[PDB]
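Chemist: Take the sequence shown: its letter number 8 is residue 8 in the authors' numbering, and every next letter is one higher. Dropping a structure here in structure tokens format, bear with me for questions.
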Amino acid sequence: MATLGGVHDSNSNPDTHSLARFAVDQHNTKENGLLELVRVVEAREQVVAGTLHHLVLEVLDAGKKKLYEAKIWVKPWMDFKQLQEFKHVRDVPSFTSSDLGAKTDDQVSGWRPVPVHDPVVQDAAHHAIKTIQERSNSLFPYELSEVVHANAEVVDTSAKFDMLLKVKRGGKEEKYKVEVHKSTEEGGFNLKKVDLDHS
């Protein structure tokens, strides 16, 4: 259980080198496999929704040196550090003076809930809200208003989605349950059933 917070920069005082190894080993083992840590570059810190570890080191890509940065997400409460991802940068303090950002389009499976307001939840929610109401007939009254809590589940083949949000209509406020399935290359989502939350 350890964290950190304080937007700044250093010269890799602590064991920052090892920190980068864990990050690369994570991506390298899952989808990567062509990055070789050569020599640490620098160590930067920043507070992001709790704790953010920004490290930069010179790696080897297929036999070509290059500086890459790795971001690690940590929290004080849970006190569990986890590497988010690293992007290929250039010999500069910024992202090669270009746009890099972060991307996440990798498959995943497992019986576990899901965050809120995310691109995956907000997507299924908005789709479910309109789909459900449309499932009765051709119409488009309201859409996603405010998500309370969403959770994902792994079915025999597809993936169930149990979430709860509030809908608006003429200045009203009512919560309801939603159950949608997740499919790949099947058009998108497949709303299973729906329920109301007022009992």
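Beta carbons: idealized from backbone N, C-alpha and C, even for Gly.
Could you tell me the boundaries of the alpha helix (DSSP H) in which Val121 lies?
Modeler: 121–136
Chemist: Taking the beta carbon of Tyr142 as the centre, do at least 16 other beta carbons fall within 10 Å, making it buried, or is it exposed?
Modeler: exposed
Chemist: Under 8 Å between the Cβ atoms of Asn151 and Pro119?
Modeler: no
Chemist: Nearest to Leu67 by alpha carbon, out of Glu134, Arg21, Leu57, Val154?
Modeler: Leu57
Chemist: How is the beta strand (DSSP E) around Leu55 delimited, first residue to last?
Modeler: 51–61
Chemist: Kindly identify the DSSP beta-bridge partner or partners of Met163.
Modeler: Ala150, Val178
Chemist: Would you kindly work out how many angstroms separate the C-alpha atoms of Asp15 and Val154, rounded to a whole number?
Modeler: 39 Å
Chemist: Tell me the DSSP bridge mates of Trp77?
Modeler: The partner list for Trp77 (beta bridge, DSSP) is empty, contrary to what the question assumes.
Chemist: Can you name the start and end residues of the beta strand (DSSP E) that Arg44 belongs to?
Modeler: 35–46
Chemist: Look at the alpha carbon of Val178 and the alpha carbon of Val24, and state the distance between them as a whole number of angstroms.
Modeler: 38 Å
Chemist: Which residue comes first and which comes last in the beta strand (DSSP E) that contains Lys192?
Modeler: 189–197
Chemist: Just to confirm before moving on: does the CB-CB distance between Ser158 and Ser136 stay below 8 Å?
Modeler: no
Chemist: For the 8 Å Cβ check, are there 3 or more pairs between the region 43–50 and the region 68–80?
Modeler: yes
Chemist: Do you know offhand how far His181's Cα is from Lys166's?
Modeler: 20 Å
Chemist: Quick one, which of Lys30, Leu35, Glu45 has its alpha-carbon nearest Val7's?
Modeler: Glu45
Chemist: Going by the DSSP bridge assignment, what does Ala70 pair with across the sheet?
Modeler: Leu55, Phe86
Chemist: With DSSP as the reference, label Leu139 as helix, strand or coil.
Modeler: coil
Chemist: Give every residue of the same chain whose Cβ lies closer than 8 Å to the Cβ of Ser97, excluding the five residues on either side of it in the sequence, and list them in chain order.
Modeler: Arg90
Chemist: Distance, Cα to Cα, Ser10 vs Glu42?
Modeler: 6 Å
Chemist: Which residues mark the beginning and the end of the alpha helix (DSSP H) in which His17 is found?
Modeler: 16–30
Chemist: Tell me which residues share the same chain as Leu100 and place their Cβ nearer than 6 Å to its Cβ, disregarding the 5 neighbours each side in the sequence.
Modeler: Same-chain partners within the cutoff: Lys87.
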